[PDB]
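File shown here: my_file.pdb, holding PDB, C-alpha atoms (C1' of nucleotides).
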ATOM      1  CA  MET D   1      -3.460 -41.176   3.223  1.00  0.00           C
ATOM      2  CA  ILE D   2      -4.871 -40.862  -0.295  1.00  0.00           C
ATOM      3  CA  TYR D   3      -4.568 -37.824  -2.556  1.00  0.00           C
ATOM      4  CA  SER D   4      -6.330 -36.620  -5.689  1.00  0.00           C
ATOM      5  CA  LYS D   5      -5.598 -33.851  -8.189  1.00  0.00           C
ATOM      6  CA  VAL D   6      -8.182 -32.119 -10.376  1.00  0.00           C
ATOM      7  CA  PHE D   7      -7.769 -29.651 -13.236  1.00  0.00           C
ATOM      8  CA  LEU D   8     -10.593 -27.135 -13.695  1.00  0.00           C
ATOM      9  CA  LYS D   9     -11.221 -24.696 -16.547  1.00  0.00           C
ATOM     10  CA  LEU D  10     -12.944 -21.529 -15.351  1.00  0.00           C
ATOM     11  CA  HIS D  11     -15.416 -19.577 -17.473  1.00  0.00           C
ATOM     12  CA  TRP D  12     -15.022 -16.036 -16.104  1.00  0.00           C
ATOM     13  CA  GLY D  13     -13.819 -16.269 -12.496  1.00  0.00           C
ATOM     14  CA  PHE D  14     -14.917 -16.664  -8.898  1.00  0.00           C
ATOM     15  CA  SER D  15     -16.447 -14.262  -6.385  1.00  0.00           C
ATOM     16  CA  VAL D  16     -16.527 -14.742  -2.603  1.00  0.00           C
ATOM     17  CA  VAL D  17     -17.269 -11.716  -0.414  1.00  0.00           C
ATOM     18  CA  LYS D  18     -15.586 -11.243   2.944  1.00  0.00           C
ATOM     19  CA  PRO D  19     -17.802 -11.522   6.039  1.00  0.00           C
ATOM     20  CA  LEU D  20     -18.628  -8.372   8.004  1.00  0.00           C
ATOM     21  CA  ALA D  24     -18.599  -1.929   1.008  1.00  0.00           C
ATOM     22  CA  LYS D  25     -18.351  -5.551  -0.176  1.00  0.00           C
ATOM     23  CA  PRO D  26     -14.680  -6.467  -0.653  1.00  0.00           C
ATOM     24  CA  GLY D  27     -13.840  -9.934  -1.925  1.00  0.00           C
ATOM     25  CA  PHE D  28     -11.137 -12.548  -1.469  1.00  0.00           C
ATOM     26  CA  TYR D  29      -8.234 -13.322  -3.788  1.00  0.00           C
ATOM     27  CA  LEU D  30      -8.394 -17.140  -3.648  1.00  0.00           C
ATOM     28  CA  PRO D  31     -11.246 -19.411  -2.553  1.00  0.00           C
ATOM     29  CA  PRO D  32     -11.244 -20.614   1.066  1.00  0.00           C
ATOM     30  CA  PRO D  33     -11.006 -24.329   1.918  1.00  0.00           C
ATOM     31  CA  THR D  34     -14.672 -24.256   2.962  1.00  0.00           C
ATOM     32  CA  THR D  35     -15.747 -23.587  -0.631  1.00  0.00           C
ATOM     33  CA  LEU D  36     -13.426 -26.332  -1.885  1.00  0.00           C
ATOM     34  CA  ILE D  37     -14.946 -28.849   0.540  1.00  0.00           C
ATOM     35  CA  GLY D  38     -18.465 -27.744  -0.366  1.00  0.00           C
ATOM     36  CA  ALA D  39     -17.769 -28.215  -4.070  1.00  0.00           C
ATOM     37  CA  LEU D  40     -16.667 -31.792  -3.357  1.00  0.00           C
ATOM     38  CA  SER D  41     -19.717 -32.430  -1.170  1.00  0.00           C
ATOM     39  CA  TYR D  42     -22.032 -31.178  -3.934  1.00  0.00           C
ATOM     40  CA  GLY D  43     -21.468 -34.463  -5.776  1.00  0.00           C
ATOM     41  CA  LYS D  44     -23.196 -36.514  -3.067  1.00  0.00           C
ATOM     42  CA  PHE D  45     -25.688 -34.087  -1.461  1.00  0.00           C
ATOM     43  CA  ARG D  46     -27.211 -32.726  -4.677  1.00  0.00           C
ATOM     44  CA  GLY D  47     -30.810 -31.498  -4.412  1.00  0.00           C
ATOM     45  CA  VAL D  48     -30.948 -30.897  -0.644  1.00  0.00           C
ATOM     46  CA  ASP D  49     -30.315 -27.537   1.034  1.00  0.00           C
ATOM     47  CA  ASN D  50     -31.052 -28.192   4.734  1.00  0.00           C
ATOM     48  CA  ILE D  51     -30.205 -31.305   6.758  1.00  0.00           C
ATOM     49  CA  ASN D  52     -30.929 -31.775  10.451  1.00  0.00           C
ATOM     50  CA  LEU D  53     -27.447 -31.935  11.973  1.00  0.00           C
ATOM     51  CA  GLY D  54     -29.052 -33.073  15.230  1.00  0.00           C
ATOM     52  CA  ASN D  55     -29.558 -29.751  16.988  1.00  0.00           C
ATOM     53  CA  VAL D  56     -29.973 -27.117  14.261  1.00  0.00           C
ATOM     54  CA  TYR D  57     -30.295 -26.859  10.477  1.00  0.00           C
ATOM     55  CA  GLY D  58     -26.976 -25.425   9.362  1.00  0.00           C
ATOM     56  CA  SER D  59     -25.848 -26.939   6.032  1.00  0.00           C
ATOM     57  CA  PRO D  60     -25.662 -30.186   4.036  1.00  0.00           C
ATOM     58  CA  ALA D  61     -21.878 -29.929   4.374  1.00  0.00           C
ATOM     59  CA  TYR D  62     -21.148 -30.384   8.104  1.00  0.00           C
ATOM     60  CA  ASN D  63     -20.089 -33.984   7.391  1.00  0.00           C
ATOM     61  CA  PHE D  64     -17.143 -33.447   5.007  1.00  0.00           C
ATOM     62  CA  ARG D  65     -15.452 -31.081   7.466  1.00  0.00           C
ATOM     63  CA  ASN D  66     -12.349 -33.249   7.925  1.00  0.00           C
ATOM     64  CA  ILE D  67     -11.143 -33.466   4.306  1.00  0.00           C
ATOM     65  CA  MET D  68      -7.949 -31.549   3.555  1.00  0.00           C
ATOM     66  CA  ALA D  69      -7.982 -29.382   0.443  1.00  0.00           C
ATOM     67  CA  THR D  70      -5.789 -26.818  -1.295  1.00  0.00           C
ATOM     68  CA  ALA D  71      -5.953 -25.012  -4.625  1.00  0.00           C
ATOM     69  CA  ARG D  72      -3.789 -22.851  -6.860  1.00  0.00           C
ATOM     70  CA  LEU D  73      -3.923 -20.835 -10.074  1.00  0.00           C
ATOM     71  CA  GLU D  74      -2.137 -21.392 -13.375  1.00  0.00           C
ATOM     72  CA  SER D  75      -2.960 -18.223 -15.369  1.00  0.00           C
ATOM     73  CA  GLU D  76      -3.234 -14.444 -14.983  1.00  0.00           C
ATOM     74  CA  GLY D  77      -6.177 -12.402 -13.722  1.00  0.00           C
ATOM     75  CA  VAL D  78      -7.204  -9.095 -12.171  1.00  0.00           C
ATOM     76  CA  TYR D  79      -9.095  -8.318  -8.960  1.00  0.00           C
ATOM     77  CA  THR D  80     -11.713  -5.604  -9.470  1.00  0.00           C
ATOM     78  CA  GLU D  81     -14.386  -4.009  -7.278  1.00  0.00           C
ATOM     79  CA  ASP D  82     -17.363  -2.827  -9.332  1.00  0.00           C
ATOM     80  CA  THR D 109     -18.699  -6.502  -4.872  1.00  0.00           C
ATOM     81  CA  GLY D 110     -15.171  -7.800  -5.327  1.00  0.00           C
ATOM     82  CA  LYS D 111     -14.504 -10.117  -8.252  1.00  0.00           C
ATOM     83  CA  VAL D 112     -11.476 -11.973  -9.595  1.00  0.00           C
ATOM     84  CA  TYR D 113     -11.533 -12.020 -13.398  1.00  0.00           C
ATOM     85  CA  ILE D 114      -9.461 -14.872 -14.844  1.00  0.00           C
ATOM     86  CA  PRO D 115     -11.381 -15.993 -17.960  1.00  0.00           C
ATOM     87  CA  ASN D 116     -10.328 -19.246 -19.658  1.00  0.00           C
ATOM     88  CA  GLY D 117      -7.879 -19.879 -16.812  1.00  0.00           C
ATOM     89  CA  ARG D 118      -6.841 -23.122 -15.152  1.00  0.00           C
ATOM     90  CA  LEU D 119      -7.211 -24.110 -11.499  1.00  0.00           C
ATOM     91  CA  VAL D 120      -5.434 -27.042  -9.841  1.00  0.00           C
ATOM     92  CA  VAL D 121      -7.068 -28.496  -6.724  1.00  0.00           C
ATOM     93  CA  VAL D 122      -5.479 -31.085  -4.418  1.00  0.00           C
ATOM     94  CA  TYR D 123      -7.585 -33.176  -2.025  1.00  0.00           C
ATOM     95  CA  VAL D 124      -5.830 -35.162   0.714  1.00  0.00           C
ATOM     96  CA  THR D 125      -7.831 -37.387   3.055  1.00  0.00           C
ATOM     97  CA  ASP D 126      -8.389 -40.923   4.309  1.00  0.00           C
ATOM     98  CA  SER D 127     -12.110 -41.022   5.181  1.00  0.00           C
ATOM     99  CA  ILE D 128     -13.201 -42.685   1.928  1.00  0.00           C
ATOM    100  CA  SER D 129     -11.461 -45.002  -0.507  1.00  0.00           C
ATOM    101  CA  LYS D 130     -10.004 -43.982  -3.863  1.00  0.00           C
ATOM    102  CA  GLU D 131     -13.164 -44.865  -5.799  1.00  0.00           C
ATOM    103  CA  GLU D 132     -15.499 -42.572  -3.851  1.00  0.00           C
ATOM    104  CA  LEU D 133     -13.125 -39.593  -3.911  1.00  0.00           C
ATOM    105  CA  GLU D 134     -12.528 -40.054  -7.642  1.00  0.00           C
ATOM    106  CA  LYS D 135     -16.275 -40.266  -8.295  1.00  0.00           C
ATOM    107  CA  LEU D 136     -16.957 -37.121  -6.261  1.00  0.00           C
ATOM    108  CA  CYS D 137     -14.049 -35.331  -7.950  1.00  0.00           C
ATOM    109  CA  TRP D 138     -15.722 -35.412 -11.383  1.00  0.00           C
ATOM    110  CA  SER D 139     -18.915 -33.900  -9.904  1.00  0.00           C
ATOM    111  CA  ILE D 140     -17.716 -30.310  -9.339  1.00  0.00           C
ATOM    112  CA  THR D 141     -19.936 -27.674 -10.947  1.00  0.00           C
ATOM    113  CA  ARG D 142     -19.064 -24.290  -9.426  1.00  0.00           C
ATOM    114  CA  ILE D 143     -16.790 -22.550  -6.926  1.00  0.00           C
ATOM    115  CA  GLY D 144     -18.491 -19.804  -4.930  1.00  0.00           C
ATOM    116  CA  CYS D 145     -21.721 -18.445  -6.403  1.00  0.00           C
ATOM    117  CA  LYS D 146     -23.920 -19.629  -9.270  1.00  0.00           C
ATOM    118  CA  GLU D 147     -22.188 -17.678 -12.045  1.00  0.00           C
ATOM    119  CA  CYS D 148     -18.759 -19.185 -11.265  1.00  0.00           C
ATOM    120  CA  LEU D 149     -19.086 -22.309 -13.379  1.00  0.00           C
ATOM    121  CA  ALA D 150     -15.981 -24.449 -13.874  1.00  0.00           C
ATOM    122  CA  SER D 151     -15.626 -27.513 -16.097  1.00  0.00           C
ATOM    123  CA  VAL D 152     -13.437 -30.536 -15.323  1.00  0.00           C
ATOM    124  CA  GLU D 153     -10.595 -31.602 -17.626  1.00  0.00           C
ATOM    125  CA  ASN D 154      -8.654 -34.361 -15.847  1.00  0.00           C
ATOM    126  CA  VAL D 155      -8.141 -36.051 -12.475  1.00  0.00           C
ATOM    127  CA  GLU D 156      -5.436 -38.132 -10.807  1.00  0.00           C
ATOM    128  CA  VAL D 157      -5.654 -40.435  -7.782  1.00  0.00           C
ATOM    129  CA  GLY D 158      -2.845 -41.930  -5.744  1.00  0.00           C
ATOM    130  CA  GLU D 159      -1.200 -42.590  -2.399  1.00  0.00           C
ATOM    131  CA  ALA D 160       0.787 -39.788  -0.768  1.00  0.00           C
ATOM    132  CA  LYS D 161       3.917 -39.828   1.386  1.00  0.00           C
ATOM    133  CA  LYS D 162       4.674 -37.716   4.458  1.00  0.00           C
ATOM    134  CA  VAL D 163       7.926 -35.769   4.868  1.00  0.00           C
ATOM    135  CA  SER D 164       9.279 -32.959   7.034  1.00  0.00           C
ATOM    136  CA  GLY D 165      12.402 -31.717   5.233  1.00  0.00           C
ATOM    137  CA  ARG D 166      12.800 -28.358   3.548  1.00  0.00           C
ATOM    138  CA  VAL D 167      10.418 -28.167   0.576  1.00  0.00           C
ATOM    139  CA  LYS D 168       9.214 -25.712  -2.062  1.00  0.00           C
ATOM    140  CA  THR D 169       5.474 -25.183  -2.471  1.00  0.00           C
ATOM    141  CA  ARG D 170       2.979 -23.041  -4.359  1.00  0.00           C
ATOM    142  CA  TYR D 171      -0.198 -23.772  -2.367  1.00  0.00           C
ATOM    143  CA  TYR D 172      -1.172 -21.422   0.438  1.00  0.00           C
ATOM    144  CA  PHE D 173      -0.660 -22.565   4.028  1.00  0.00           C
ATOM    145  CA  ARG D 174      -1.229 -21.442   7.615  1.00  0.00           C
ATOM    146  CA  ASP D 175       0.324 -18.465   9.382  1.00  0.00           C
ATOM    147  CA  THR D 176       2.255 -20.427  12.020  1.00  0.00           C
ATOM    148  CA  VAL D 177       4.421 -22.087   9.350  1.00  0.00           C
ATOM    149  CA  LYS D 178       7.919 -20.611   9.290  1.00  0.00           C
ATOM    150  CA  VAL D 179       9.685 -19.273   6.199  1.00  0.00           C
ATOM    151  CA  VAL D 180      13.348 -19.428   5.175  1.00  0.00           C
ATOM    152  CA  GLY D 181      13.298 -17.556   1.858  1.00  0.00           C
ATOM    153  CA  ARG D 182      12.919 -13.842   1.151  1.00  0.00           C
ATOM    154  CA  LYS D 183       9.609 -12.308   2.218  1.00  0.00           C
ATOM    155  CA  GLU D 184       8.608 -10.678  -1.076  1.00  0.00           C
ATOM    156  CA  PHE D 185       5.393 -12.292  -2.399  1.00  0.00           C
ATOM    157  CA  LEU D 186       3.434 -12.990   0.795  1.00  0.00           C
ATOM    158  CA  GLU D 187      -0.026 -11.687   1.687  1.00  0.00           C
ATOM    159  CA  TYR D 188      -2.153 -12.144   4.806  1.00  0.00           C
ATOM    160  CA  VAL D 189      -5.819 -13.183   4.707  1.00  0.00           C
ATOM    161  CA  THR D 190      -8.408 -14.273   7.264  1.00  0.00           C
ATOM    162  CA  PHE D 191     -10.428 -17.470   6.778  1.00  0.00           C
ATOM    163  CA  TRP D 192     -12.911 -19.371   8.932  1.00  0.00           C
ATOM    164  CA  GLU D 193     -13.209 -22.888  10.302  1.00  0.00           C
ATOM    165  CA  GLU D 194     -16.086 -25.271   9.603  1.00  0.00           C
ATOM    166  CA  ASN D 195     -17.985 -23.928  12.635  1.00  0.00           C
ATOM    167  CA  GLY D 196     -19.358 -21.252  10.302  1.00  0.00           C
ATOM    168  CA  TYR D 197     -21.291 -23.865   8.316  1.00  0.00           C
ATOM    169  CA  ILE D 198     -24.334 -23.192  10.542  1.00  0.00           C
ATOM    170  CA  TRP D 199     -26.534 -20.156   9.935  1.00  0.00           C
ATOM    171  CA  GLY D 200     -26.804 -17.396  12.517  1.00  0.00           C
ATOM    172  CA  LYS D 201     -23.253 -18.038  13.713  1.00  0.00           C
ATOM    173  CA  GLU D 202     -19.818 -16.717  12.764  1.00  0.00           C
ATOM    174  CA  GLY D 203     -16.856 -19.027  12.295  1.00  0.00           C
ATOM    175  CA  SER D 204     -13.572 -18.741  14.128  1.00  0.00           C
ATOM    176  CA  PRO D 205     -10.934 -16.436  12.597  1.00  0.00           C
ATOM    177  CA  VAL D 206      -7.777 -18.141  11.292  1.00  0.00           C
ATOM    178  CA  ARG D 207      -4.886 -16.348   9.607  1.00  0.00           C
ATOM    179  CA  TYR D 208      -3.518 -17.619   6.300  1.00  0.00           C
ATOM    180  CA  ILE D 209      -0.515 -16.738   4.129  1.00  0.00           C
ATOM    181  CA  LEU D 210      -0.868 -16.527   0.346  1.00  0.00           C
ATOM    182  CA  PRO D 211       2.150 -16.627  -2.041  1.00  0.00           C
ATOM    183  CA  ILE D 212       0.486 -14.322  -4.564  1.00  0.00           C
ATOM    184  CA  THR D 213       1.385 -11.216  -6.553  1.00  0.00           C
ATOM    185  CA  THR D 214      -1.318  -8.577  -6.180  1.00  0.00           C
ATOM    186  CA  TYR D 215      -1.248  -7.155  -9.716  1.00  0.00           C
ATOM    187  CA  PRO D 216      -1.344  -8.919 -12.111  1.00  0.00           C
ATOM    188  CA  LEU D 217      -2.657 -12.027 -10.346  1.00  0.00           C
ATOM    189  CA  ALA D 218      -0.247 -14.976 -10.422  1.00  0.00           C
ATOM    190  CA  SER D 219       1.321 -17.689  -8.270  1.00  0.00           C
ATOM    191  CA  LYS D 220       4.935 -17.959  -7.107  1.00  0.00           C
ATOM    192  CA  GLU D 221       6.998 -20.611  -5.347  1.00  0.00           C
ATOM    193  CA  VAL D 222       7.987 -20.282  -1.684  1.00  0.00           C
ATOM    194  CA  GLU D 223      10.410 -22.472   0.278  1.00  0.00           C
ATOM    195  CA  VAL D 224       9.254 -23.612   3.724  1.00  0.00           C
ATOM    196  CA  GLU D 225      10.551 -26.023   6.356  1.00  0.00           C
ATOM    197  CA  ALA D 226       7.266 -26.996   8.071  1.00  0.00           C
ATOM    198  CA  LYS D 227       6.576 -30.209  10.011  1.00  0.00           C
ATOM    199  CA  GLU D 228       4.061 -32.108   7.847  1.00  0.00           C
ATOM    200  CA  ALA D 229       4.199 -32.094   4.048  1.00  0.00           C
ATOM    201  CA  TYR D 230       2.597 -34.591   1.678  1.00  0.00           C
ATOM    202  CA  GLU D 231       4.289 -35.337  -1.642  1.00  0.00           C
ATOM    203  CA  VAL D 232       1.510 -35.502  -4.242  1.00  0.00           C
ATOM    204  CA  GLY D 233       3.711 -35.666  -7.330  1.00  0.00           C
ATOM    205  CA  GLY D 234       6.632 -33.346  -6.665  1.00  0.00           C
ATOM    206  CA  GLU D 235       4.479 -30.337  -5.780  1.00  0.00           C
ATOM    207  CA  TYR D 236       4.671 -30.742  -2.018  1.00  0.00           C
ATOM    208  CA  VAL D 237       1.548 -29.634  -0.140  1.00  0.00           C
ATOM    209  CA  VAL D 238       2.114 -27.986   3.247  1.00  0.00           C
ATOM    210  CA  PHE D 239      -0.432 -28.227   6.060  1.00  0.00           C
ATOM    211  CA  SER D 240       1.438 -27.482   9.315  1.00  0.00           C
TER     212      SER D 240
ATOM    213  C1'   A J   1     -25.748 -26.974  -2.771  1.00  0.00           C
ATOM    214  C1'   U J   2     -19.882 -23.550  -0.644  1.00  0.00           C
ATOM    215  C1'   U J   3     -20.375 -15.926   3.728  1.00  0.00           C
ATOM    216  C1'   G J   4     -23.537 -19.787   0.074  1.00  0.00           C
ATOM    217  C1'   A J   5     -29.178 -18.805  -0.573  1.00  0.00           C
ATOM    218  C1'   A J   6     -33.035 -14.238  -2.815  1.00  0.00           C
ATOM    219  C1'   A J   7     -32.299  -9.171  -7.215  1.00  0.00           C
ATOM    220  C1'   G J   8     -32.333  -5.700 -14.878  1.00  0.00           C
ATOM    221  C1'   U J   9     -29.298   0.916 -13.506  1.00  0.00           C
ATOM    222  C1'   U J  10     -34.772   0.597 -16.332  1.00  0.00           C
ATOM    223  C1'   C J  11     -37.813   4.371 -18.704  1.00  0.00           C
ATOM    224  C1'   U J  12     -37.923   9.519 -22.434  1.00  0.00           C
ATOM    225  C1'   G J  13     -34.465  12.598 -26.875  1.00  0.00           C
ATOM    226  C1'   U J  14     -32.856  14.651 -35.339  1.00  0.00           C
ATOM    227  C1'   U J  15     -26.349  18.373 -34.678  1.00  0.00           C
ATOM    228  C1'   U J  16     -31.124  21.039 -37.683  1.00  0.00           C
ATOM    229  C1'   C J  17     -30.770  25.440 -40.476  1.00  0.00           C
ATOM    230  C1'   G J  18     -27.523  28.095 -45.599  1.00  0.00           C
ATOM    231  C1'   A J  19     -23.356  28.618 -49.506  1.00  0.00           C
ATOM    232  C1'   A J  20     -21.860  28.414 -58.321  1.00  0.00           C
ATOM    233  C1'   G J  21     -13.894  26.695 -57.940  1.00  0.00           C
ATOM    234  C1'   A J  22     -15.586  31.229 -61.330  1.00  0.00           C
ATOM    235  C1'   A J  23     -13.147  34.102 -64.590  1.00  0.00           C
ATOM    236  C1'   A J  24      -8.682  34.403 -69.257  1.00  0.00           C
ATOM    237  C1'   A J  25      -5.735  30.755 -73.248  1.00  0.00           C
ATOM    238  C1'   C J  26      -4.656  27.820 -81.128  1.00  0.00           C
ATOM    239  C1'   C J  27       0.038  22.452 -80.385  1.00  0.00           C
ATOM    240  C1'   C J  28       1.892  25.534 -84.334  1.00  0.00           C
ATOM    241  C1'   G J  29       5.658  26.836 -87.849  1.00  0.00           C
ATOM    242  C1'   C J  30       9.017  23.084 -92.320  1.00  0.00           C
ATOM    243  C1'   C J  31       8.881  17.968 -95.494  1.00  0.00           C
ATOM    244  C1'   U J  32       7.016  14.352-103.156  1.00  0.00           C
ATOM    245  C1'   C J  33       8.745   7.515-101.261  1.00  0.00           C
ATOM    246  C1'   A J  34      11.151   8.745-105.948  1.00  0.00           C
ATOM    247  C1'   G J  35      13.215   7.223-109.883  1.00  0.00           C
TER     248        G J  35
END

This entry written out as structure tokens:
Amino acid sequence: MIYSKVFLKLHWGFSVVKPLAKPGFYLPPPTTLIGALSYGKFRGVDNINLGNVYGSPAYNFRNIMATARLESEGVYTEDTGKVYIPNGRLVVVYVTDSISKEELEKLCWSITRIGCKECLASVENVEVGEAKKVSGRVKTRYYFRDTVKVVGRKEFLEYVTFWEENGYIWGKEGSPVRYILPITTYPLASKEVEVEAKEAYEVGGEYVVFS
RNA sequence: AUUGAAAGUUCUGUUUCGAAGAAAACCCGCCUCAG
């Protein structure tokens, strides 16, 4: 199980609107993170024949684990929800085993935007390594699933709804999955939460929780 | 190539006209550079 870390510098922020008034999300979903990685290999093409229907040139990277977190302060504003965090820093962790270290590192440098066109984001540095699996009590900053238990004080937790990769195809809505975000609503920031969990990969001290 | 893809809330307008800080008032009364 290989892992990679990337540091991104945002220009003005990101904007992803909720499916189904156009409120937006607080942090990008894993689908956007996987699509940004896939942009490095599928550049120039917008429709691929999956075999039955044209849905996206991203239905092949669906099994790559990804998380992300903030490192600065921002504000969420509706004026079409937007998350303004100019000159901020984003840390993205990719955990997978499908490809070797070289391919993941090459695709990691090829991230251009997160969300829509205006949300450009440069790349400052990357790290690649081998991760270890643990199950003891850990402290994490990355968001995780709803079913994961919590031992600490419930004070900085929010509930959001994301979608699986089934939504990659047009004319079809993805499955609803609940997610827990350790975020302060105003001003925007990230806080540490202690969880027990069952699977946690150590990617340099900042344990990443998946289930 | 990411609930992503496709879009200007843009066009037209004077804070303008008018109204003396003006009138009265002494620096002035005393002193050899001398043998």

Checklist entry - Using all atoms listed in the file, which of the listed residues (J:16, J:2, J:10, J:32) sits closest to residue 39 of chain D? => result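 That would be J:2, the residue with the smallest distance to residue 39 of chain D.
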
Next on the checklist: Contacts from chain J to chain D, 12 Å maximum, only C-alpha atoms (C1' of nucleotides): show me the residue list as a PyMOL selection string.
Outcome noted: chain J and resi 1-5

Limited to C-alpha atoms (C1' of nucleotides), could you put the picked residues into a file as a PDB file, keeping the file's coordinate frame?
ATOM      1  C1'   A J   1     -25.748 -26.974  -2.771  1.00  0.00           C
ATOM      2  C1'   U J   2     -19.882 -23.550  -0.644  1.00  0.00           C
ATOM      3  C1'   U J   3     -20.375 -15.926   3.728  1.00  0.00           C
ATOM      4  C1'   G J   4     -23.537 -19.787   0.074  1.00  0.00           C
ATOM      5  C1'   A J   5     -29.178 -18.805  -0.573  1.00  0.00           C
TER       6        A J   5
END

So which residues get picked by the PyMOL selection byres ((chain D and resi 71) around 9) here, written as a PDB file with C-alpha atoms, keeping the file's coordinate frame?
ATOM      1  CA  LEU D  30      -8.394 -17.140  -3.648  1.00  0.00           C
ATOM      2  CA  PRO D  31     -11.246 -19.411  -2.553  1.00  0.00           C
ATOM      3  CA  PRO D  32     -11.244 -20.614   1.066  1.00  0.00           C
ATOM      4  CA  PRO D  33     -11.006 -24.329   1.918  1.00  0.00           C
ATOM      5  CA  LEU D  36     -13.426 -26.332  -1.885  1.00  0.00           C
ATOM      6  CA  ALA D  69      -7.982 -29.382   0.443  1.00  0.00           C
ATOM      7  CA  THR D  70      -5.789 -26.818  -1.295  1.00  0.00           C
ATOM      8  CA  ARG D  72      -3.789 -22.851  -6.860  1.00  0.00           C
ATOM      9  CA  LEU D  73      -3.923 -20.835 -10.074  1.00  0.00           C
ATOM     10  CA  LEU D 119      -7.211 -24.110 -11.499  1.00  0.00           C
ATOM     11  CA  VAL D 120      -5.434 -27.042  -9.841  1.00  0.00           C
ATOM     12  CA  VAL D 121      -7.068 -28.496  -6.724  1.00  0.00           C
ATOM     13  CA  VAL D 122      -5.479 -31.085  -4.418  1.00  0.00           C
ATOM     14  CA  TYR D 123      -7.585 -33.176  -2.025  1.00  0.00           C
ATOM     15  CA  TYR D 171      -0.198 -23.772  -2.367  1.00  0.00           C
ATOM     16  CA  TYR D 172      -1.172 -21.422   0.438  1.00  0.00           C
TER      17      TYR D 172
END

Item to check | Spatial neighbours of residue 182 of chain D, max dist 12 Å, only C-alpha atoms (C1' of nucleotides), sep filter under 2 positions, as a list in words | outcome: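 The filter keeps residues 178, 179, 180, 184, 185, 186, 211, 221, 222, 223 and 224 of chain D.
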
Item to check | atom CA of residue 110 of chain D to atom CA of residue 24 of chain D, straight-line distance in Å | outcome: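 These atoms are spaced 9.3 Å apart.
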
Item to check | Ground truth for the PyMOL selection byres ((chain D and resi 14) around 6), written as a list in words | outcome: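 With the shown file as input, the PyMOL selection byres ((chain D and resi 14) around 6) matches residues 13, 15, 112 and 148 of chain D.
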
Item to check | Expansion of the PyMOL selection byres ((chain D and resi 3) around 7) into residues, as an NGL selection string | outcome: :D and (1-2 or 4-5 or 123-125 or 157-160 or 232)

Filtering to C-alpha atoms, could you give me those residues as a PDB file, in the frame of the given file?
ATOM      1  CA  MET D   1      -3.460 -41.176   3.223  1.00  0.00           C
ATOM      2  CA  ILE D   2      -4.871 -40.862  -0.295  1.00  0.00           C
ATOM      3  CA  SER D   4      -6.330 -36.620  -5.689  1.00  0.00           C
ATOM      4  CA  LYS D   5      -5.598 -33.851  -8.189  1.00  0.00           C
ATOM      5  CA  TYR D 123      -7.585 -33.176  -2.025  1.00  0.00           C
ATOM      6  CA  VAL D 124      -5.830 -35.162   0.714  1.00  0.00           C
ATOM      7  CA  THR D 125      -7.831 -37.387   3.055  1.00  0.00           C
ATOM      8  CA  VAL D 157      -5.654 -40.435  -7.782  1.00  0.00           C
ATOM      9  CA  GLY D 158      -2.845 -41.930  -5.744  1.00  0.00           C
ATOM     10  CA  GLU D 159      -1.200 -42.590  -2.399  1.00  0.00           C
ATOM     11  CA  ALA D 160       0.787 -39.788  -0.768  1.00  0.00           C
ATOM     12  CA  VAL D 232       1.510 -35.502  -4.242  1.00  0.00           C
TER      13      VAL D 232
END

Next on the checklist: Could you tell me how far atom CA of residue 168 of chain D sits from atom CA of residue 207 of chain D, in Å to one decimal place?
Outcome noted: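 Separation between atom CA of residue 207 of chain D and atom CA of residue 168 of chain D: 20.6 Å.
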
Item to check | atom CA of residue 134 of chain D to atom CA of residue 118 of chain D, straight-line distance in Å | outcome: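 So the two atoms, atom CA of residue 118 of chain D and atom CA of residue 134 of chain D, lie 19.4 Å apart.
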
Checklist entry - Of the candidates D:128, D:6, D:206, D:217, which shows the shortest atom-to-atom distance to residue 176 of chain D, using all atoms listed in the file? => result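 The closest residue to residue 176 of chain D is D:206.
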
Take segment 231-239 of chain D, bring it up to N, CA and C atoms, and give me the output as a CSV table (one decimal), keeping the file's coordinate frame.
chain,number,residue,atom,x,y,z
D,231,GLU,N,3.8,-35.4,-0.3
D,231,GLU,CA,4.3,-35.3,-1.6
D,231,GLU,C,3.2,-35.9,-2.5
D,232,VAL,N,2.6,-35.1,-3.4
D,232,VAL,CA,1.5,-35.5,-4.2
D,232,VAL,C,1.9,-35.4,-5.7
D,233,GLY,N,3.2,-35.7,-6.0
D,233,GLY,CA,3.7,-35.7,-7.3
D,233,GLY,C,4.8,-34.6,-7.6
D,234,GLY,N,5.6,-34.3,-6.5
D,234,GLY,CA,6.6,-33.3,-6.7
D,234,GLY,C,6.2,-32.0,-6.1
D,235,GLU,N,5.0,-31.6,-6.3
D,235,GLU,CA,4.5,-30.3,-5.8
D,235,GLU,C,4.0,-30.6,-4.4
D,236,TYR,N,5.0,-30.5,-3.4
D,236,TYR,CA,4.7,-30.7,-2.0
D,236,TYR,C,3.6,-29.8,-1.5
D,237,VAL,N,2.6,-30.4,-0.7
D,237,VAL,CA,1.5,-29.6,-0.1
D,237,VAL,C,1.8,-29.5,1.3
D,238,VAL,N,1.8,-28.3,1.9
D,238,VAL,CA,2.1,-28.0,3.2
D,238,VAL,C,0.8,-27.7,4.0
D,239,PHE,N,0.7,-28.4,5.2
D,239,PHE,CA,-0.4,-28.2,6.1
D,239,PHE,C,-0.1,-27.7,7.4
